[PDB]
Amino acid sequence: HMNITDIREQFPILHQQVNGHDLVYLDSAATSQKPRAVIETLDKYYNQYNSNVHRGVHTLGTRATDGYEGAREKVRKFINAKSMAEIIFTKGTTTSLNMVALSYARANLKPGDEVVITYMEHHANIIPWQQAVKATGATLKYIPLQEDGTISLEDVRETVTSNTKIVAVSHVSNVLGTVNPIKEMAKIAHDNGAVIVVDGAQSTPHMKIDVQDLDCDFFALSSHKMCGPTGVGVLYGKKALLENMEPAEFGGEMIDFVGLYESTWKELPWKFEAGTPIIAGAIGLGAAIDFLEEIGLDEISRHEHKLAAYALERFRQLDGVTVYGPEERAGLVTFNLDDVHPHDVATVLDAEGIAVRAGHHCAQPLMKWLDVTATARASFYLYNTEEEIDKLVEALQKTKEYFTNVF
């Protein structure tokens, strides 16, 4: 099993106080912290072999290249892609999703064509489709949610029709904690001749991903949520789809021949990588993958299952608290105190050393669906403990009392 003490020892950022209390960092769904192995990877890159990429020029240039392409291979193995040609480094989930919207949607949508999404989608998995449908005169639809905030396959068969070109859905919701039935949704999407686009920002850090088994057409993830550097993400796509898409951006590196007016493109994946790439970040993403793999994604997932069950239980022991979403869930709890604004919850918790987030969580439609204007959220990762969940629930109790007394 994973030793949480040994894990925590690897994250320098955890060992500090805020407002005179030990830090309790419960905001990993907004961004995760990094272990020494990742930070030192960046240090070593910049201290030792930084250079632009291109093998066969000079020694540092070769090392930088092998580091960068080596990290591409680590990602390929990590999500079980067939080919490095299917692994594109981007700035993050958002950019990855916009590339599909730009290069895939905008070239394949006619009036009458449908893009189908869901009410629980992050804005990253909403606004690009809004724009693409508007550019092409196509139509945007939403799969409804059940009362507990999961999605039924029946609603999917209903919403998706033989005019659906794209289904775009989150693997795991960053609000509800719902793990969506991606694999069954891809089968439905294909039956109607659609592609499926998976927003995997919240799944990838927390559970094994297998794109062959999921049979997703595209899948997007962010380094910063999975112990990796900021500024880096991945777009996975079926090679046959990427082969037919035009690039989203143009310049050096992604070309083959450049004439005065006309140019040709490199092979995949480089066709989609314009300009000097995110060298250090991608190499650190590779380190983060080595780190998560050595612990075991299955172990991390079990740990989060225990944390989530413990949290849901301790929350149900509190009066005047609503928790949103299903019982089976990823490692997060979005909630509200009756008669306490979530911004205030966050503020008061921070004075107790506790970091949570309050707001829309980039899911305005979902908040509307929940009939709230905002929520608070505690989100967990491999370095969190039950003791920390105790501090959270104890702090929510005191928050209730404190605002009861102000009133």
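Residue positions are given as counts along the sequence shown, with the first one as 1.
Remark: stretch with higher mean C-alpha B factor among 223 to 231 and 263 to 271 is 263 to 271.
Comparing 369 to 377 with 59 to 67, the higher mean C-alpha B-factor in the PDB entry belongs to 369 to 377. Within the selection 162, 204, 276, 93, the deposited Cα B-factor values reach their highest point at 162. Per the deposited coordinates, the residue with the largest Cα temperature factor out of 73, 290, 304, 114 is 114. Residue 146: CA B factor in the highest third of modelled residues in this chain (values from the PDB entry). Compared with the other modelled residues of the chain, the Cα B-factor recorded for residue 244 ranks in the highest third. Per-chain ranking of the deposited C-alpha B factor places residue 340 in the highest third.
Looking at the C-alpha B-factors along this chain, the one for residue 281 belongs to the lowest third. In the PDB entry, a CA B factor belonging to the lowest third of its chain's modelled residues is recorded for residue 14.
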